[PDB]
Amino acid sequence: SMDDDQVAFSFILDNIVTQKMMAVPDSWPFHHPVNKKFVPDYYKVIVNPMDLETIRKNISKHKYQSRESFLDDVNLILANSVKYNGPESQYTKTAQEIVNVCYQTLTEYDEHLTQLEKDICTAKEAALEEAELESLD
């Protein structure tokens, strides 16, 4: 079903986060949301915060239905570090390594992720057609 596909898709993404992204050396700043007590202006500067725990919560709620949607939140971790810390910061260098490891692992599982993403979308569209047909009475 679409539900089994959603589960298989989210399982692969979660393993990318936990086995690859969270394992990047010195990735500790990125495993949780920034604590505003320690960085009081963070959420004034950064409009769309993102971190690896939040990505995992999003995966568990099946927010991501495409490789692109996932990568977009992953890219946000890096973009936010560029904005807050600058390109030359160690924070930014580490965030880039996290993004790179994500791309390399997506590459590795691309065939299966691509077929799941297609199958999920097709099932979703078919359910919507069914609902629209039922609205038409």
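Think of the rigid core as the biggest set of C-alphas that the two forms share within 1.5 Å after superposition. Position 1 is the first residue in the sequence shown; the rest follow in order.
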Between 7-15 and 114-122, pick out the one whose C-alpha positions differ more from the shown form in 9 other deposited structures of this protein, using the rigid core for superposition.
114-122
Greater root mean square CA deviation, 92-100 compared with 39-47 in 9 other deposited structures of this protein, core aligned
39-47
The stretch carrying the higher mean Cα B factor in the deposited entry, 108-116 or 87-95, is 108-116
Quick tally, chain-level thirds of C-alpha B-factors: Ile55 sits in the lowest
Going by what the PDB entry lists, where does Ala126 fall on CA B-factor within its chain: lowest, middle or highest third?
lowest
Hey, what third does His32 fall into on Cα B-factor, ranked over its chain?
lowest
Splitting the chain's C-alpha B-factors into thirds, which one does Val74 fall into?
lowest
